[PDB]
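Engineer: generate coordinates for the sequence data below:
(4 chains, ligands or ions: 10)
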Amino acid sequence: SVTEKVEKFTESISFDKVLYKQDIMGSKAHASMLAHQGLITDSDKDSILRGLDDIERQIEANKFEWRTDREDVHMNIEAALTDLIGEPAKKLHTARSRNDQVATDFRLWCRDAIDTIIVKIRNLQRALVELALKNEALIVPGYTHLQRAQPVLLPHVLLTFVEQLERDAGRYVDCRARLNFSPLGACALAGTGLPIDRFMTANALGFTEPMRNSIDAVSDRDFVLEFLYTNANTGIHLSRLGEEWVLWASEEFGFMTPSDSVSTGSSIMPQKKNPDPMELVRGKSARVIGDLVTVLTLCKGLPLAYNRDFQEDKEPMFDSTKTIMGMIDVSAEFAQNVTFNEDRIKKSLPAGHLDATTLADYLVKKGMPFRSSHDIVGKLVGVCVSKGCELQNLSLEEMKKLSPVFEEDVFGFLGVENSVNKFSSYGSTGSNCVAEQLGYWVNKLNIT
Amino acid sequence: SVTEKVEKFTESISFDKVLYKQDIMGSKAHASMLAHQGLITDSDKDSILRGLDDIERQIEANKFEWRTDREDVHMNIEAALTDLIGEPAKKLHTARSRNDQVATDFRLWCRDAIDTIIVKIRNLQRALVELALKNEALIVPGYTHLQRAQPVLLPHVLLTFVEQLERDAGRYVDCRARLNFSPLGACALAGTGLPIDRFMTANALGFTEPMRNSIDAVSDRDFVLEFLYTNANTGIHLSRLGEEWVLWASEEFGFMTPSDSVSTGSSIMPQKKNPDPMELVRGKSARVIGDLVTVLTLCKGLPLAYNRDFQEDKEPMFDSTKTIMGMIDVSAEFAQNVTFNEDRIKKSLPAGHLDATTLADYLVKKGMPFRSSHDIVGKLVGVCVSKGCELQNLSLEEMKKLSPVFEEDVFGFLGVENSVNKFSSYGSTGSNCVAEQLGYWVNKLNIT
Amino acid sequence: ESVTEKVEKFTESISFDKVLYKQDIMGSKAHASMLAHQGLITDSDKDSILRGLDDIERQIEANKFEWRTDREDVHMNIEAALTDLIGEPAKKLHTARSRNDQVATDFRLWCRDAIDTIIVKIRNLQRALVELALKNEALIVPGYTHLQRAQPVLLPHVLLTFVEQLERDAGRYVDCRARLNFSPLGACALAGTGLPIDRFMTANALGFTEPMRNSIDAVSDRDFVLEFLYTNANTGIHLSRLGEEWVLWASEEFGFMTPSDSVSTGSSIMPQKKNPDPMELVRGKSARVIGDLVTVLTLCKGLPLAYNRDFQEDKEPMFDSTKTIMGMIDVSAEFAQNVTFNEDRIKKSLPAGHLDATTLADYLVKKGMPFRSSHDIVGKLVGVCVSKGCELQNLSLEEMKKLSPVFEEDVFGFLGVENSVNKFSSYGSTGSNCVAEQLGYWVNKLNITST
Amino acid sequence: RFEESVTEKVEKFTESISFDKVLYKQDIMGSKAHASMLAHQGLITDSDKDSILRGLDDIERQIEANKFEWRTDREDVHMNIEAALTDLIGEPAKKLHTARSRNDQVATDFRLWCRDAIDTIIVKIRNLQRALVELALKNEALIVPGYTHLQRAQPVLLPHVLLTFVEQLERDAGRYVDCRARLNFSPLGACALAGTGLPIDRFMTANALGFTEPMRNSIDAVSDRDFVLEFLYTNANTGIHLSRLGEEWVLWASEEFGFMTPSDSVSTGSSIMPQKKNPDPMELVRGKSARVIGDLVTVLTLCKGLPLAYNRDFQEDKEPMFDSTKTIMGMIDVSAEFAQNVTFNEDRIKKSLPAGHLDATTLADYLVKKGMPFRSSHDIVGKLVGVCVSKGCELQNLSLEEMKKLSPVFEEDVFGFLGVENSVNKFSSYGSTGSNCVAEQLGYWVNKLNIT
Ligand SMILES: N/C(=N\CCC[C@H](N)C(=O)O)N[C@@H](CC(=O)O)C(=O)O
Ligand SMILES: N/C(=N\CCC[C@H](N)C(=O)O)N[C@@H](CC(=O)O)C(=O)O
Ligand SMILES: NC(=[NH2+])NCCC[C@H](N)C(=O)O
Ligand SMILES: NC(=[NH2+])NCCC[C@H](N)C(=O)O
Ligand SMILES: O=C(O)/C=C/C(=O)O
Ligand SMILES: [Cl-]
Ligand SMILES: [Cl-]
Ligand SMILES: [Cl-]
Ligand SMILES: [Cl-]
Ligand SMILES: [Cl-]
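Structural biologist: Residues are numbered from 1 along each chain as shown, chains lettered A, B, ... in the order given. Ligands and ions are numbered 1, 2, ... in the order given. What follows is the structure:
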């Protein structure tokens, strides 16, 4: 059947039912306004409000029957309201279109979602900082080109992700403020000649103020694009977190062991511990980017004002949102269920001459042009490579072959533990510098 | 040769040369800080500053030869500097890596770029508001589903774009603030033991403060992602403006005629005026979306800290920025070179029955319920377009046949001029509301 | 709110991968049959397994089968069910197999089945388009460049454009299916096995062309998913253009097309507003199809060998893309059967625009004029007409002779949109006989009849 | 200071010659074929055709010598060439546009360009396949771990890992062949969108330019950019494969894996840390897969929602396709060079292998072949691996006595199945890592690629 095919193709209730709390809040505000403006009676208002709250209790109770033949969340709720309370229900359509209603509902849902995500992000930040604090003294390699470049403190590495998430949080805060303007009162696109008060409904629904352009009100989906992007950049942070942790849990790296409860394995190979949760965090970054491209492509090239294509805005946003929330929480649980392999890590450090840059710094302190200090440290490392020692084990006499500036104080700058203590610049991996940043984060996240 | 081929593939000068002004700025700051902290001499510093000024001047005069064999902008400048001033140039890279250098320069280039784009947008907002003021009384159909729905004022439609562009500006402003933290002094990834000062360079370069984490400073490209997405959303807006204007320019609409300076024609069919620029504006939103996806995919799943993949960050930001600036400026030129065909728009409006919703509002104000009001107007339009006429041509007698609430004042609410006059909600297309909004924008954009 | 509970909910795939049951069961039976043949299980094990899996297929088809999150995925749901049903022999089904080769085999089969279905749906739409074309076979509309009127074309020529697009689409679908039609089964976790399986037998049993040559490729490859997503996306593009065309044609400004009530919405106070929602949504649905492709491109990029758990994310987007494109195709075909063309509106709009100009130029060139002179003379004459308020065909031969003695009485069979269209003659042109030729080709190839 | 008109500001935005000049060779070939058909069909004189064909050859020679000044005020490649042609030969040049439009001209030119680019890419892919097969041949005996979830799963042969990438690239080559065939139809003679009533022969020009046939629909011929989309997609899939190769080799060149050392000619280093070898070229290969995805999204987004027939938006199809093609050629060629400049660290690889119980599965298969069901065989093997973990030993160090406490089926032939070298010897399924299997596959490839 044609109308049956088209019904199935155009219905949105299968997905848009999740807007129910926002829709009800939006309708209550609309009705309160209508009464205050003299377009309905107080009596009709009290009826609408009590009816809407009854339907809400019914949905919370999983006793509400959603219907395809009723199209969407708005008509499903309006039609049930009418069955419950009679004619007053029909008064909700006064000075209102689904165009402006859906925009209101969807912005309200986004606002609540953003709020939830910020709580989740702070939780992940805390989980990372608690892990940093648990391993504050542990030295690991820092990498460029996935080659060992310099020794860093494990907390400094973890604070990288904590700082990335702070930028994410900042985007979410800016996203929320930009979207917190009311489209309600725009009607189908042009506003109304009826005496509504859009300032009153804006305020009732916690919006900053009403949007100043009704065509903009019904045609705008920037708040969707911005939310999707914010989720995509957040997902990227977590994808790099995931790459990192899948590497650290490999045997080649050997740095991290996940608990049984966040890994899988083999009956016949009992040391194999697969970090499936973080591999899925990495992979789920893909869908979040996909969701963003959807709505970008959707909006491209569309004429004004309202077009049915905009119905396609919701499922990507719901997907993106669900996905990031999962990623954030899973990452936090993973952070709480890993331990570092101190002996394996400490064994691996000596062979990399990670203290070379600290030695070059020593020489630069003593007056040597940097390019000369690097050549000389280069040579010394080659000596250590052939002899199979560390720089720390070279004699002062050996160093004096290359320059007279070397003195006995040089040994305070050699070995990884001394190298780490010698970093001193703001934001560096130095012990006191990392200590300060940790204290800053403890205080900001209210950790105790 | 193997060396030939890897050189060509890894070379970045062919594109990163556009960073020259920022690279020189950053190097003057670093040199001044080195000198202040006793890591180089004042005479070294002075030689470096004059040398760099010389090189900048030579670039501006197109007399500087860029070299593939010098890899990138940083080494191209520093080898030239060495050839100009000798040994002092070689101390410039003390306590500095290309890692922290490039991220600093790119950040500065983005700050400059965002500032330029914000100026371009205000110019386009001005061009739109001026177009609106010139055509303040022109009524056109407002559309849903590309079907005529309500009568609206041309200025109200144009203000939709002005409002969209204002959310864009807000995004540029929020993006610039978040990016304005200094990575300089992170060195390769871990910071340094040399007594630099990161606060002093941050101050000299206009950054709010140093970034708090050295690994984050070298590893982060969020600022690229945020600017690319802001460009993309702006381009989405311009793509809709494009779509509208290709439509308006069509014979089928006949709403607008572009000047010959902004259109192509045909000697055999002299009435064919193609709006090539706006078609290109809509089409160029695609490249800006592609640029965003490039760099999202770039960052996805990369380990810490610096990887050579991050060299791919620059060409997409350059392409996106240049495209959007071109799209903003040609859209303003176009806005300044279009005329509306008032006689043709006027003759099309009557047969719509666009006054129908206004008549319905008239009845709701008289105390009719929503559905009843629609039922009545329903009937009235049949009795009307059965005689190929307009509602305002009906007699009061035939109106009172359908309901007694009709009175003589009803004619004040029929026809599109009256319909437009009767919209009264904030942000509506109503004559007074639109004048209020035009006054707001005239003040905000310092128009005279 | 336990970790095990949180991780279970995040890693479970049964909520979406249950749709592979048919192919999963078909694979497992081919597996068990090969095992028995090769002596790795008894024939009574095989018979016991085939019976059980049929019982389970019936239970699923009857909505009597309880899918379980604690059983993770389709593979483990089914096999745990098989164990509860037949006991010991079910346990032997895992012999010389991994979920790695198993999942790749199942998904390949599902994709081959999905592609066969899409091709049929495309033939349908092609048929609906050619039938609409034949029903409106003599109708003339403007052809557009830059959304400006360029030349007069036959509506059938325009609809055949979309039929030709869809024909390239069907072509990609066939090539895609051919490349994916190689068996991963028997790669095990990634390295293969030392057990005496026969990969040729299972490949043949499952309709695959031959076994894949590399065990590691077999578990790690998702190209078939990428290529099918891309092919859906390009089909989606074509339908988005169709969507945009028809949303314009149903505008009042164009006024070329009226959709039936069954494929439109409207307004009780504005009875002439007819919103073509299905086509707007077809247009809009092309976006999620592009998004699903980007998802899987980004998923695969930069991943090491061989199998990785990120690959679990390949399914939901392929399922979304496939369901979306099938709906887009089916609804377009339905809309093509529920539209009529507003003949008098079209005819009224045509003659202001001078679409016959190029035909008059072609007339002058055949009479010997150089092409540059011909375009200048016709531009001038169209100037005379714009001024006078007329069509070229209403000018007298005396007015044309003012501009060139070349014009003769025969010129009049070259003017007007009906004459214009009859005079196109290049292959693939909008010419009357050309479109007829092309319509015969599609009537033949799609087996269109009048009964 | 020269004050610019509006017309000048707009010309800068809409000019395409800055990028489309790279089509000159296709454009001149298309125009020559056009003129030849014109003369044959009587629409121009043979004298006029000869002048046109000679002027176009001269112009092509001037471009090849870098004596040709491209001009932004001539808009595009088509107009640059034809106005230059008019300046050279005068009036005959003006007959060139008889029965042709830029709409059908550009579509012909870009198809010719794309057909040549695919032909070049196929060659470059065969080269990379050969480089990979020779690296495999030179390292045929070397055993390395095979990973799932970046955890050691099984022992495999290095050649079998490299043949994964050869098999990938063979699918890529198939898509290029299929893509080229589908795009090899001539739009020429569609004119602006509707054809023409002049007596052209579209089959003649199609054959002259190596197309299979003229396209069956004039509107489709000027509106279609499927060939572009399909090429971009094919590039992007190829780029994903090269991104996995990049990821692999960056990991392998790490200290932690320590499997592979690149030559100095394909890596970068550090004077202070002379042992640090960065695989920058393979990092960039991985990175450049991104822009190839971006270029596909560009033209996908571009085509979405556009009405028929030709729109000016379509000029945005050239730059992505040029970028995509250049990038993928670079990634393929550099990958082939990197493959020819790596060596494997045989002692480093070998020292890691023996402690991961990589032989456990091969013991499980031994038990299945002796008649134990799958589930009991894994029970037994998990228990024996359990004893090795505790005793800090390998499986091949267990006694036949200890094993017989779990199951009678154990006999002395069990030790032919244990240890990493035996494990790899025991794989035997078609397409498996067994050495006889891989040998058969290498011979297939050596023959297929005509390696001598
Ligand atoms: N119903 C409607 N828009 C529905 C918005 C809700 C929709 N499910 C969505 O998600 O966009 N608009 C009216 C009014 C109008 O568009 O003029 C109509 O289609 O007639
Ligand atoms: N679980 C697994 N493959 C799962 C394939 C199906 C999965 N639901 C998906 O969707 O990819 N493989 C084994 C074997 C292995 O990877 O070594 C494992 O991870 O332990
Ligand atoms: N360690 C280094 N030399 N890093 C190189 C940084 C500059 C490089 N051209 C880029 O764009 O990222
Ligand atoms: N009507 C025309 N002159 N069309 C121009 C076609 C060539 C154009 N530069 C493109 O790349 O699409
Ligand atoms: O070249 C075009 O876009 C249009 C041609 C025409 O008017 O025939
Ligand atoms: Cl108000
Ligand atoms: Cl100071
Ligand atoms: Cl500092
Ligand atoms: Cl022909
Ligand atoms: Cl086999």
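Engineer: any part of stretch A:341-348 near chain B?
Structural biologist: No - using C-beta under 8 Å from any C-beta of the partner chain, stretch A:341-348 stays clear of chain B, with a minimum separation of 15.9 Å. The C-beta positions use only the backbone N, C-alpha and C, and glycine is treated the same way.
Engineer: the residue in the stretch 51-200 of chain A that chain B sits nearest to: helix or strand, and which one exactly?
Structural biologist: When scored by C-beta to the nearest C-beta, the stretch 51-200 of chain A has residue A:191 as its residue closest to chain B, at 2.5 Å. Using DSSP states H and E, residue A:191 falls within no helix or strand.
Engineer: how much space separates it from residue C:113?
Structural biologist: From residue A:191 across to residue C:113, the span is 52 Å (C-beta to C-beta, to the nearest Å).
Engineer: what's the burial count for residue A:357?
Structural biologist: Counted with other C-beta atoms under 10 Å in any protein chain shown, residues neighbouring residue A:357 total 26.
Engineer: ok, the spatially closest residue to residue A:239 that is not a sequence neighbour - contacts?
Structural biologist: Spatial nearest neighbour of residue A:239, excluding adjacent residues (C-beta to C-beta, 6 or more residues apart in numbering or on different chains): residue A:285 at 3.8 Å. Contact partners of residue A:285, counting by C-beta atoms under 8 Å, 6 or more residues apart in numbering or on different chains, are A:232, A:235, A:236, A:238, A:239, A:242, A:327, B:300, B:301, C:298.
Engineer: neighbours around the first one, how many?
Structural biologist: This means residue A:232. 25.
Engineer: ok, back up a step: contacting residues around the residue of the stretch 51-200 of chain A closest to chain B?
Structural biologist: Contacts of residue A:191 (C-beta under 8 Å, 6+ apart): A:185, A:214, B:423, B:424, B:425, B:426, B:427, B:428, B:429, B:430, B:433.
Engineer: the fifth one and ligand 10: what is the separation?
Structural biologist: Right, residue B:425. 75 Å (C-beta to the ion, to the nearest Å).
Engineer: can you pull the phi/psi pair for that residue?
Structural biologist: phi -70, psi 150 (degrees, to the nearest 10).
Engineer: just give me the neighbour total for the residue nearest to residue A:400 when sequence neighbours are not counted.
Structural biologist: Using C-beta to C-beta, 6+ apart and skipping residues adjacent in sequence, the residue nearest residue A:400 is residue A:406, 5.6 Å away. When neighbours are defined as other C-beta under 10 Å, residue A:406 has 21 of them.
Engineer: ok, residue A:406 - contacts?
Structural biologist: Residue A:406 neighbours (C-beta under 8 Å, 6+ apart): A:363, A:396, A:399, A:400.
Engineer: please name the residues that touch the residue nearest to residue A:87 when sequence neighbours are not counted.
Structural biologist: If the residues on either side of it in the chain are set aside, residue A:87 comes closest to residue B:369, at 7.6 Å by C-beta to C-beta, 6+ apart. For residue B:369, the contact set (C-beta under 8 Å, 6+ apart) comprises A:87, A:90, A:91.
Engineer: export stretch A:148-157 as CSV, just CAs?
Structural biologist: Only the C-alpha atoms of stretch A:148-157 are listed here, as CSV (Å, rounded to 0.1, in the frame of the first residue of the first chain):
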residue,chain,number,x,y,z
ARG,A,148,61.9,7.3,22.1
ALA,A,149,62.8,10.9,22.4
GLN,A,150,63.0,11.9,26.1
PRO,A,151,62.1,10.6,29.6
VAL,A,152,58.8,11.8,31.0
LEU,A,153,56.7,11.2,34.2
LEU,A,154,53.6,9.0,33.7
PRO,A,155,51.4,11.8,35.3
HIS,A,156,52.6,14.3,32.6
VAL,A,157,51.4,12.0,29.9
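Engineer: alright, calling it a day.
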